[PDB]
Every structure is written in C-alpha cells, then in structure tokens.
Amino acid sequence: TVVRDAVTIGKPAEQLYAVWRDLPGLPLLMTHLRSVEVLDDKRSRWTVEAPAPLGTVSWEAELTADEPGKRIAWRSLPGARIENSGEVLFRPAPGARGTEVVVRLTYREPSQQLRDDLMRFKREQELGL
Amino acid sequence: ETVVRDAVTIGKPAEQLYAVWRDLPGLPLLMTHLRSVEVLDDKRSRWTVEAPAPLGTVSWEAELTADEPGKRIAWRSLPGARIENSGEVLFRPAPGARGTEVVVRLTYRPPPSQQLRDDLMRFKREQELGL
C-alpha cells in the first residue's frame, strides 16, 4: 500500500528538513508511529502500537537517502516484520517563498491520518509553535 | 452560548502536566482553536483566534482568575472583549491509581467538543511517550 500527501509551508527548506532528520521526534509528525530510536548513523529501530496479544510491533530500518534541505528516505531491512519505506521531500513551492513538503510511505484511514499530521505540522510551523 | 467539557486521565504527575498548560504562549498547541496567546503581565494576556474570511482574526484581553500550582488554572475574558469566553483546567488524582485526570471546561459566546477531545488525546499520547 502507498500513502502520499503534501503541504506547503512558509518556512525555509533547511528548517523543515532539520525537524524531520531528528528521527526520535518522527512519531510527532507521523502519529501512526509509537517510537523511533537511533541505533547508529544509518540504522534505527521503529515501533508502532499493535492490538493484543502483540502489544507493539518493532523493526529496524536504514536511511537510503539523506540530503540536507532536500530529502530523507528510509526502508526497513530485509526480514523486518512489516515491510515498509518512506521518503520526505522539501521542494520549492511555485507560489511564493515557501517549501512544499511531500511525504510518501509504503507498506506491504492512513491517508486521513497523514493529512491531519501534515496540516498540524504546517500550522505549528507557520504560527511559530 | 457554547460550553465544552472533557477529561482525560494521564499516567504522569500533576505538577508536570500543570507545567505545560501554565505556559500560556504554548496553549495554541494544546487548544488548536486558538491562534495565539500573549502574556501582558502576571495576570493578563491577549488571546487571538482565526476569524472567517469576512473578518480574519479576532483578539481580546483575558486574565487568570485562578492559578494553583499543579491543581488548577482558570481564565476569563475582560469586559468589552470581542468574544466572551472563560476556561478552567483541573489536575485531579485519578481514581484508579496513579496518574492525573486533566479536566478542561471552555465557554465561548461570539457576538467544538470533538476538536477538544482530539487535542486532549494527543496531549495524553505525547506526554505518556515523552516526545
């Protein structure tokens, strides 16, 4: 399955990038996540809630791409429970001075939850949290 | 007349939760219907919300009517305010065991409850996870 959404924010791309690059904070931006822990420069352990008896489901993932102010991408490692990937892009918006943040997640309603998450993110940034 | 009340139990100490709410300028993160909250002095503050296209932004001055560390915070618009409103957040011991039950009551009267519920649930998740 694929989840894709985008929001334009009146802030520099470098500033929005830094927010996402802090992996432990991702569960704030993508609320379907319970926690993200840095294991090393490229690896991290991701966790999400899961009904009984599972409780939670965890897996490890690595960054496949990381370009300051431009993009951050990741994908679960071979053997991870839930096979998934994601990519966040920071692109100059056509209108005026703003950054379009494009988020695409894959795993093999979510769209509504991601929309809400991104709009919330937009709002906080544009008001100054 | 628009009254709203909700409560959520959170597995954290009262003082800590009270601490977040007491930071007035950060209230817009807790109560999403608010655009901004500005401190004017120990007891007064300026509140602002997003008004429909006809208008654009409506603000008024308010004052804290009660501030009991780790227990309660109450506020109310001053007379003449474009929008009459009051609020009260209590931090009570949760019956079950441990944890604090945050109770929020808001009243507004221009010249809702689902949004508050969502805001409170996110506040619960955020606090209980530590992010």
# chains A, B, ... in the order shown; residues from 1 in each chain; ligands from 1
>>> closest_atom_pairs(of="chain B", to="chain A", cutoff="9 Å", atoms="only C-alpha atoms", output="CSV")
residue,atom,partner,partner_atom,distance
B:25,CA,A:129,CA,8.8
B:26,CA,A:129,CA,7.0
B:28,CA,A:129,CA,7.7
B:29,CA,A:129,CA,6.7
B:35,CA,A:127,CA,7.3
B:36,CA,A:127,CA,7.9
B:126,CA,A:28,CA,7.7
B:129,CA,A:34,CA,7.7
B:131,CA,A:25,CA,6.5
>>> residues_around(residues="residue B:94", least_positions_apart="6", cutoff="7 Å", atoms="only C-alpha atoms", output="list in words")
residues 9, 100 and 101 of chain B
>>> closest_atom_pairs(of="stretch 14-56 of chain A", to="stretch 94-108 of chain A", cutoff="12 Å", atoms="only C-alpha atoms", output="tab-separated table")
residue	atom	partner	partner_atom	distance
A:14	CA	A:99	CA	9.4
A:15	CA	A:99	CA	9.8
A:16	CA	A:99	CA	8.3
A:17	CA	A:101	CA	9.2
A:19	CA	A:101	CA	11.8
A:20	CA	A:101	CA	10.5
A:29	CA	A:103	CA	10.7
A:30	CA	A:103	CA	10.0
A:32	CA	A:105	CA	11.6
>>> write_last_selection(atoms="N, CA, C and O atoms", output="PDB file, in the first residue's frame")
ATOM      1  N   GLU A  14      15.575  24.223   4.714  1.00  0.00           N
ATOM      2  CA  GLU A  14      16.598  23.763   5.652  1.00  0.00           C
ATOM      3  C   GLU A  14      16.021  23.599   7.049  1.00  0.00           C
ATOM      4  O   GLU A  14      16.419  22.706   7.796  1.00  0.00           O
ATOM      5  N   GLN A  15      15.084  24.474   7.399  1.00  0.00           N
ATOM      6  CA  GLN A  15      14.468  24.441   8.714  1.00  0.00           C
ATOM      7  C   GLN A  15      13.501  23.276   8.875  1.00  0.00           C
ATOM      8  O   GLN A  15      13.453  22.643   9.929  1.00  0.00           O
ATOM      9  N   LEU A  16      12.722  23.001   7.836  1.00  0.00           N
ATOM     10  CA  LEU A  16      11.777  21.901   7.889  1.00  0.00           C
ATOM     11  C   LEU A  16      12.540  20.577   7.862  1.00  0.00           C
ATOM     12  O   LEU A  16      12.159  19.617   8.536  1.00  0.00           O
ATOM     13  N   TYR A  17      13.624  20.533   7.090  1.00  0.00           N
ATOM     14  CA  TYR A  17      14.452  19.333   6.998  1.00  0.00           C
ATOM     15  C   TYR A  17      14.950  18.918   8.390  1.00  0.00           C
ATOM     16  O   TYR A  17      14.806  17.770   8.795  1.00  0.00           O
ATOM     17  N   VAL A  19      13.774  19.332  11.224  1.00  0.00           N
ATOM     18  CA  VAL A  19      12.724  18.801  12.078  1.00  0.00           C
ATOM     19  C   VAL A  19      12.555  17.310  11.813  1.00  0.00           C
ATOM     20  O   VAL A  19      12.475  16.513  12.739  1.00  0.00           O
ATOM     21  N   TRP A  20      12.536  16.933  10.541  1.00  0.00           N
ATOM     22  CA  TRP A  20      12.363  15.536  10.163  1.00  0.00           C
ATOM     23  C   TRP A  20      13.592  14.661  10.367  1.00  0.00           C
ATOM     24  O   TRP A  20      13.466  13.466  10.646  1.00  0.00           O
ATOM     25  N   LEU A  29       5.341  13.820  14.088  1.00  0.00           N
ATOM     26  CA  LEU A  29       4.960  14.174  12.728  1.00  0.00           C
ATOM     27  C   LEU A  29       4.111  13.096  12.076  1.00  0.00           C
ATOM     28  O   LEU A  29       3.158  13.403  11.358  1.00  0.00           O
ATOM     29  N   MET A  30       4.471  11.837  12.305  1.00  0.00           N
ATOM     30  CA  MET A  30       3.726  10.702  11.752  1.00  0.00           C
ATOM     31  C   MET A  30       3.181   9.937  12.952  1.00  0.00           C
ATOM     32  O   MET A  30       3.766   8.945  13.398  1.00  0.00           O
ATOM     33  N   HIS A  32       1.223   7.659  13.508  1.00  0.00           N
ATOM     34  CA  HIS A  32       0.906   6.237  13.487  1.00  0.00           C
ATOM     35  C   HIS A  32       2.109   5.483  14.065  1.00  0.00           C
ATOM     36  O   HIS A  32       2.050   4.278  14.290  1.00  0.00           O
TER      37      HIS A  32
END
>>> residues_around(residues="stretch 49-61 of chain B", least_positions_apart="6", cutoff="7 Å", atoms="only C-alpha atoms", output="tab-separated table (two decimals) with C-alpha atoms, in the first residue's frame")
chain	number	residue	atom	x	y	z
B	33	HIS	CA	-8.86	26.52	18.03
B	34	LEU	CA	-6.56	29.25	19.37
B	35	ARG	CA	-4.14	31.10	17.11
B	36	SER	CA	-2.06	32.87	19.74
B	77	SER	CA	-12.21	37.49	29.06
B	78	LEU	CA	-12.30	41.04	30.41
B	81	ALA	CA	-13.90	41.62	24.87
B	82	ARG	CA	-14.86	40.97	21.25
B	83	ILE	CA	-15.54	37.40	22.35
>>> select_by_dssp(residues="chain A", states="strand (DSSP E or B)", output="short mmCIF file (atom, residue, chain, number, x, y, z; two decimals) with N, CA and C atoms, in the first residue's frame")
data_model
loop_
_atom_site.label_atom_id
_atom_site.label_comp_id
_atom_site.auth_asym_id
_atom_site.auth_seq_id
_atom_site.Cartn_x
_atom_site.Cartn_y
_atom_site.Cartn_z
N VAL A 2 0.33 2.34 -0.56
CA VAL A 2 1.06 3.60 -0.65
C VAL A 2 0.24 4.76 -0.09
N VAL A 3 0.89 5.60 0.70
CA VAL A 3 0.24 6.77 1.29
C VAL A 3 1.05 7.97 0.85
N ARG A 4 0.39 8.94 0.22
CA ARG A 4 1.10 10.10 -0.28
C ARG A 4 0.32 11.39 -0.05
N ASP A 5 0.99 12.40 0.49
CA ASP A 5 0.35 13.68 0.76
C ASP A 5 1.39 14.79 0.70
N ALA A 6 0.93 16.04 0.65
CA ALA A 6 1.84 17.17 0.58
C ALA A 6 1.23 18.42 1.19
N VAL A 7 2.07 19.30 1.70
CA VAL A 7 1.62 20.55 2.30
C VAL A 7 2.68 21.60 2.02
N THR A 8 2.26 22.84 1.80
CA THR A 8 3.19 23.92 1.53
C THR A 8 3.30 24.78 2.78
N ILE A 9 4.53 25.04 3.20
CA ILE A 9 4.78 25.80 4.43
C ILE A 9 5.65 27.03 4.18
N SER A 35 7.41 5.04 18.35
CA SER A 35 8.75 5.49 18.68
C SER A 35 9.78 5.12 17.61
N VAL A 36 10.84 5.92 17.54
CA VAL A 36 11.95 5.69 16.62
C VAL A 36 13.21 5.95 17.42
N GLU A 37 14.07 4.94 17.48
CA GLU A 37 15.31 5.03 18.22
C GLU A 37 16.53 4.91 17.31
N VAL A 38 17.50 5.80 17.49
CA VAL A 38 18.70 5.78 16.67
C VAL A 38 19.61 4.66 17.16
N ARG A 43 21.18 3.19 10.91
CA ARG A 43 20.13 2.32 11.44
C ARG A 43 19.32 2.93 12.58
N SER A 44 18.06 2.51 12.67
CA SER A 44 17.15 2.96 13.70
C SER A 44 16.11 1.86 13.92
N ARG A 45 15.52 1.84 15.11
CA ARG A 45 14.50 0.85 15.45
C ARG A 45 13.18 1.58 15.54
N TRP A 46 12.22 1.14 14.73
CA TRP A 46 10.89 1.74 14.66
C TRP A 46 9.87 0.87 15.36
N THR A 47 8.93 1.50 16.06
CA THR A 47 7.90 0.77 16.77
C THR A 47 6.53 1.41 16.58
N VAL A 48 5.50 0.57 16.51
CA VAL A 48 4.13 1.03 16.35
C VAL A 48 3.26 0.20 17.28
N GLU A 49 2.11 0.75 17.66
CA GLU A 49 1.18 0.04 18.53
C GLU A 49 0.57 -1.13 17.76
N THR A 56 2.92 -4.38 20.59
CA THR A 56 3.66 -3.48 19.71
C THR A 56 4.32 -4.34 18.65
N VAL A 57 4.79 -3.68 17.60
CA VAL A 57 5.49 -4.35 16.52
C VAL A 57 6.69 -3.46 16.28
N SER A 58 7.88 -4.06 16.29
CA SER A 58 9.10 -3.31 16.09
C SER A 58 9.90 -3.89 14.93
N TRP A 59 10.74 -3.05 14.33
CA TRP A 59 11.59 -3.47 13.22
C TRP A 59 12.70 -2.45 13.08
N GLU A 60 13.72 -2.79 12.31
CA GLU A 60 14.83 -1.88 12.11
C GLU A 60 14.76 -1.36 10.69
N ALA A 61 15.29 -0.17 10.48
CA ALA A 61 15.28 0.45 9.17
C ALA A 61 16.54 1.28 8.98
N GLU A 62 16.88 1.55 7.73
CA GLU A 62 18.05 2.37 7.45
C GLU A 62 17.71 3.50 6.50
N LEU A 63 18.51 4.56 6.55
CA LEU A 63 18.30 5.69 5.66
C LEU A 63 18.88 5.33 4.31
N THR A 64 18.09 5.46 3.25
CA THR A 64 18.57 5.15 1.90
C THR A 64 19.02 6.43 1.22
N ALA A 65 18.61 7.56 1.78
CA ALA A 65 18.99 8.85 1.23
C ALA A 65 18.85 9.94 2.28
N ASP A 66 19.78 10.88 2.27
CA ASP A 66 19.75 11.99 3.21
C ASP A 66 20.48 13.19 2.63
N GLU A 67 19.70 14.14 2.12
CA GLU A 67 20.23 15.36 1.52
C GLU A 67 19.68 16.55 2.29
N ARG A 71 16.02 16.02 0.94
CA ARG A 71 15.32 14.76 1.12
C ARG A 71 15.89 13.82 2.16
N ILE A 72 15.00 12.99 2.70
CA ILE A 72 15.33 11.98 3.70
C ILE A 72 14.50 10.76 3.30
N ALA A 73 15.14 9.60 3.18
CA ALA A 73 14.43 8.39 2.80
C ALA A 73 14.90 7.22 3.65
N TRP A 74 14.01 6.25 3.85
CA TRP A 74 14.34 5.11 4.67
C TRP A 74 13.55 3.89 4.20
N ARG A 75 14.02 2.72 4.59
CA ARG A 75 13.35 1.48 4.24
C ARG A 75 13.73 0.42 5.26
N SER A 76 12.77 -0.44 5.59
CA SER A 76 13.02 -1.50 6.55
C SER A 76 14.08 -2.42 5.99
N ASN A 84 8.35 -1.89 4.94
CA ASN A 84 7.95 -0.52 4.64
C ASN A 84 9.07 0.41 4.24
N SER A 85 8.69 1.53 3.64
CA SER A 85 9.66 2.53 3.23
C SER A 85 8.96 3.88 3.34
N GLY A 86 9.75 4.94 3.22
CA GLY A 86 9.19 6.27 3.30
C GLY A 86 10.18 7.25 2.71
N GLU A 87 9.69 8.42 2.34
CA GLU A 87 10.53 9.46 1.77
C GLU A 87 9.86 10.80 1.93
N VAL A 88 10.61 11.75 2.45
CA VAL A 88 10.12 13.10 2.63
C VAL A 88 10.95 14.03 1.76
N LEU A 89 10.27 14.88 0.99
CA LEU A 89 10.93 15.83 0.11
C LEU A 89 10.60 17.25 0.51
N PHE A 90 11.57 18.13 0.34
CA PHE A 90 11.41 19.54 0.63
C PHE A 90 11.70 20.20 -0.70
N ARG A 91 10.65 20.68 -1.35
CA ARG A 91 10.79 21.28 -2.67
C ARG A 91 10.30 22.72 -2.69
N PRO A 92 10.94 23.57 -3.50
CA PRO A 92 10.50 24.96 -3.56
C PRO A 92 9.09 25.00 -4.14
N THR A 99 8.01 26.28 1.19
CA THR A 99 8.53 24.95 0.91
C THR A 99 7.42 23.91 0.90
N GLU A 100 7.36 23.13 -0.16
CA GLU A 100 6.36 22.09 -0.26
C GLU A 100 6.96 20.83 0.35
N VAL A 101 6.27 20.25 1.32
CA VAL A 101 6.76 19.04 1.95
C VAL A 101 5.90 17.89 1.46
N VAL A 102 6.54 16.98 0.73
CA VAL A 102 5.89 15.81 0.15
C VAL A 102 6.28 14.56 0.91
N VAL A 103 5.28 13.82 1.39
CA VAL A 103 5.53 12.60 2.15
C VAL A 103 4.93 11.38 1.48
N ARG A 104 5.77 10.36 1.26
CA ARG A 104 5.29 9.13 0.63
C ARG A 104 5.75 7.93 1.43
N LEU A 105 4.78 7.16 1.91
CA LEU A 105 5.06 5.97 2.70
C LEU A 105 4.53 4.74 1.99
N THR A 106 5.21 3.61 2.17
CA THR A 106 4.79 2.37 1.56
C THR A 106 4.90 1.29 2.61
N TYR A 107 4.00 0.31 2.54
CA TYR A 107 3.99 -0.80 3.48
C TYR A 107 3.28 -1.98 2.83
#
>>> residues_around(residues="residue B:93", least_positions_apart="5", cutoff="12 Å", atoms="only C-alpha atoms", output="list in words")
residues 8, 9, 10, 11, 12, 13, 14, 15, 17, 70, 71, 98, 99, 100, 101, 102 and 103 of chain B
>>> select_by_dssp(residues="chain A", states="helix (DSSP H, G or I)", output="compact mmCIF listing (two decimals) with C-alpha atoms, in the first residue's frame")
# COMPACT_ATOMS: atom_id res chain seq x y z
CA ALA A 13 13.52 24.06 3.42
CA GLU A 14 16.60 23.76 5.65
CA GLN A 15 14.47 24.44 8.71
CA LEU A 16 11.78 21.90 7.89
CA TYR A 17 14.45 19.33 7.00
CA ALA A 18 16.07 19.57 10.45
CA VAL A 19 12.72 18.80 12.08
CA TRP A 20 12.36 15.54 10.16
CA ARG A 21 16.01 14.50 10.38
CA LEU A 23 14.29 10.64 13.97
CA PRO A 24 13.24 10.20 17.62
CA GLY A 25 10.79 13.02 17.02
CA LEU A 26 9.12 11.45 13.96
CA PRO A 27 6.21 9.98 15.97
CA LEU A 28 5.06 13.58 16.48
CA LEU A 29 4.96 14.17 12.73
CA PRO A 110 -3.87 6.21 6.88
CA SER A 111 -4.28 8.90 4.20
CA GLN A 112 -6.57 10.85 6.53
CA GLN A 113 -4.17 10.48 9.45
CA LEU A 114 -1.20 11.67 7.39
CA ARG A 115 -3.16 14.61 6.00
CA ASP A 116 -4.07 15.70 9.54
CA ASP A 117 -0.47 15.17 10.72
CA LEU A 118 0.97 17.34 7.94
CA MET A 119 -1.60 20.11 8.31
CA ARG A 120 -0.91 20.15 12.06
CA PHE A 121 2.83 20.37 11.25
CA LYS A 122 2.12 23.20 8.81
CA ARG A 123 0.09 25.09 11.39
CA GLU A 124 2.67 24.80 14.15
CA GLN A 125 5.50 25.99 11.90
CA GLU A 126 3.51 28.90 10.44
CA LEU A 127 2.35 30.16 13.83
>>> residues_around(residues="stretch 107-112 of chain B", least_positions_apart="2", cutoff="8 Å", atoms="only C-alpha atoms", output="ChimeraX atom specification")
/B:1-4,82-87,105,114-116
>>> write_last_selection(atoms="N, CA, C and O atoms", output="PDB file, in the first residue's frame")
ATOM      1  N   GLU B   1     -23.992  30.923  22.978  1.00  0.00           N
ATOM      2  CA  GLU B   1     -23.667  30.004  24.110  1.00  0.00           C
ATOM      3  C   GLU B   1     -23.023  28.723  23.595  1.00  0.00           C
ATOM      4  O   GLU B   1     -23.643  27.965  22.851  1.00  0.00           O
ATOM      5  N   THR B   2     -21.778  28.483  23.997  1.00  0.00           N
ATOM      6  CA  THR B   2     -21.050  27.290  23.575  1.00  0.00           C
ATOM      7  C   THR B   2     -20.176  26.775  24.715  1.00  0.00           C
ATOM      8  O   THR B   2     -19.069  27.271  24.932  1.00  0.00           O
ATOM      9  N   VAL B   3     -20.684  25.781  25.439  1.00  0.00           N
ATOM     10  CA  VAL B   3     -19.963  25.188  26.558  1.00  0.00           C
ATOM     11  C   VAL B   3     -19.325  23.866  26.140  1.00  0.00           C
ATOM     12  O   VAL B   3     -19.939  23.063  25.436  1.00  0.00           O
ATOM     13  N   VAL B   4     -18.093  23.642  26.582  1.00  0.00           N
ATOM     14  CA  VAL B   4     -17.369  22.422  26.240  1.00  0.00           C
ATOM     15  C   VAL B   4     -16.593  21.892  27.438  1.00  0.00           C
ATOM     16  O   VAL B   4     -15.884  22.644  28.108  1.00  0.00           O
ATOM     17  N   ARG B  82     -14.139  41.281  22.474  1.00  0.00           N
ATOM     18  CA  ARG B  82     -14.863  40.969  21.245  1.00  0.00           C
ATOM     19  C   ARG B  82     -15.577  39.634  21.387  1.00  0.00           C
ATOM     20  O   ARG B  82     -16.652  39.428  20.824  1.00  0.00           O
ATOM     21  N   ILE B  83     -14.968  38.725  22.141  1.00  0.00           N
ATOM     22  CA  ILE B  83     -15.536  37.403  22.351  1.00  0.00           C
ATOM     23  C   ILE B  83     -15.509  37.050  23.824  1.00  0.00           C
ATOM     24  O   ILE B  83     -14.452  37.036  24.447  1.00  0.00           O
ATOM     25  N   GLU B  84     -16.683  36.779  24.375  1.00  0.00           N
ATOM     26  CA  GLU B  84     -16.795  36.403  25.773  1.00  0.00           C
ATOM     27  C   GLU B  84     -16.371  34.947  25.887  1.00  0.00           C
ATOM     28  O   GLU B  84     -16.854  34.088  25.147  1.00  0.00           O
ATOM     29  N   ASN B  85     -15.450  34.668  26.799  1.00  0.00           N
ATOM     30  CA  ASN B  85     -15.015  33.299  26.988  1.00  0.00           C
ATOM     31  C   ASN B  85     -14.314  33.132  28.317  1.00  0.00           C
ATOM     32  O   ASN B  85     -13.775  34.081  28.886  1.00  0.00           O
ATOM     33  N   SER B  86     -14.343  31.906  28.812  1.00  0.00           N
ATOM     34  CA  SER B  86     -13.704  31.569  30.067  1.00  0.00           C
ATOM     35  C   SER B  86     -13.183  30.154  29.899  1.00  0.00           C
ATOM     36  O   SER B  86     -13.526  29.463  28.935  1.00  0.00           O
ATOM     37  N   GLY B  87     -12.354  29.725  30.837  1.00  0.00           N
ATOM     38  CA  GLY B  87     -11.812  28.391  30.761  1.00  0.00           C
ATOM     39  C   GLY B  87     -11.311  27.961  32.117  1.00  0.00           C
ATOM     40  O   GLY B  87     -11.015  28.794  32.983  1.00  0.00           O
ATOM     41  N   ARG B 105     -12.720  22.710  30.776  1.00  0.00           N
ATOM     42  CA  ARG B 105     -14.040  23.285  30.551  1.00  0.00           C
ATOM     43  C   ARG B 105     -13.877  24.663  29.907  1.00  0.00           C
ATOM     44  O   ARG B 105     -13.273  25.565  30.497  1.00  0.00           O
ATOM     45  N   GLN B 114     -15.394  17.815  19.661  1.00  0.00           N
ATOM     46  CA  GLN B 114     -14.600  16.790  19.002  1.00  0.00           C
ATOM     47  C   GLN B 114     -13.153  17.279  18.869  1.00  0.00           C
ATOM     48  O   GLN B 114     -12.202  16.503  19.003  1.00  0.00           O
ATOM     49  N   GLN B 115     -12.986  18.573  18.613  1.00  0.00           N
ATOM     50  CA  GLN B 115     -11.646  19.133  18.469  1.00  0.00           C
ATOM     51  C   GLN B 115     -10.936  19.079  19.824  1.00  0.00           C
ATOM     52  O   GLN B 115      -9.764  18.711  19.903  1.00  0.00           O
ATOM     53  N   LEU B 116     -11.650  19.431  20.890  1.00  0.00           N
ATOM     54  CA  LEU B 116     -11.062  19.385  22.224  1.00  0.00           C
ATOM     55  C   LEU B 116     -10.653  17.943  22.545  1.00  0.00           C
ATOM     56  O   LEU B 116      -9.536  17.705  23.012  1.00  0.00           O
TER      57      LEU B 116
END
>>> atom_distance(atom1="atom CA of residue A:1", atom2="atom CA of residue A:42")
24.5 Å
>>> decode(residues="stretch 14-25 of chain B", atoms="N, CA, C and O atoms", output="mmCIF file, in the first residue's frame")
data_model
loop_
_atom_site.group_PDB
_atom_site.id
_atom_site.type_symbol
_atom_site.label_atom_id
_atom_site.label_comp_id
_atom_site.auth_asym_id
_atom_site.auth_seq_id
_atom_site.Cartn_x
_atom_site.Cartn_y
_atom_site.Cartn_z
ATOM 1 N N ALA B 14 0.788 15.407 38.465
ATOM 2 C CA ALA B 14 0.018 16.634 38.253
ATOM 3 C C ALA B 14 0.867 17.866 37.942
ATOM 4 O O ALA B 14 0.578 18.604 36.995
ATOM 5 N N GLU B 15 1.899 18.094 38.745
ATOM 6 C CA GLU B 15 2.787 19.243 38.560
ATOM 7 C C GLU B 15 3.312 19.342 37.130
ATOM 8 O O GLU B 15 3.313 20.418 36.529
ATOM 9 N N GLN B 16 3.764 18.216 36.593
ATOM 10 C CA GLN B 16 4.302 18.187 35.242
ATOM 11 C C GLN B 16 3.276 18.636 34.210
ATOM 12 O O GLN B 16 3.565 19.486 33.371
ATOM 13 N N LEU B 17 2.077 18.066 34.280
ATOM 14 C CA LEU B 17 1.008 18.396 33.336
ATOM 15 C C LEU B 17 0.585 19.849 33.482
ATOM 16 O O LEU B 17 0.323 20.536 32.486
ATOM 17 N N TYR B 18 0.502 20.306 34.728
ATOM 18 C CA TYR B 18 0.136 21.685 35.020
ATOM 19 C C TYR B 18 1.160 22.612 34.374
ATOM 20 O O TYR B 18 0.809 23.658 33.831
ATOM 21 N N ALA B 19 2.425 22.205 34.432
ATOM 22 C CA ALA B 19 3.532 22.988 33.878
ATOM 23 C C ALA B 19 3.365 23.305 32.398
ATOM 24 O O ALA B 19 3.679 24.413 31.954
ATOM 25 N N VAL B 20 2.877 22.337 31.631
ATOM 26 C CA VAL B 20 2.678 22.553 30.202
ATOM 27 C C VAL B 20 1.572 23.582 30.003
ATOM 28 O O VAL B 20 1.771 24.596 29.330
ATOM 29 N N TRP B 21 0.413 23.331 30.610
ATOM 30 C CA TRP B 21 -0.726 24.240 30.488
ATOM 31 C C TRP B 21 -0.458 25.663 30.973
ATOM 32 O O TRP B 21 -0.983 26.617 30.402
ATOM 33 N N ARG B 22 0.353 25.806 32.017
ATOM 34 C CA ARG B 22 0.661 27.125 32.569
ATOM 35 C C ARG B 22 1.464 28.002 31.607
ATOM 36 O O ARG B 22 1.485 29.228 31.750
ATOM 37 N N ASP B 23 2.136 27.375 30.644
ATOM 38 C CA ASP B 23 2.921 28.092 29.640
ATOM 39 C C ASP B 23 1.901 28.604 28.623
ATOM 40 O O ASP B 23 1.646 27.972 27.599
ATOM 41 N N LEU B 24 1.316 29.760 28.922
ATOM 42 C CA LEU B 24 0.269 30.322 28.082
ATOM 43 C C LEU B 24 0.560 30.411 26.585
ATOM 44 O O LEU B 24 -0.254 29.980 25.773
ATOM 45 N N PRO B 25 1.726 30.957 26.195
ATOM 46 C CA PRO B 25 2.016 31.056 24.760
ATOM 47 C C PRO B 25 1.995 29.708 24.032
ATOM 48 O O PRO B 25 1.816 29.659 22.815
#
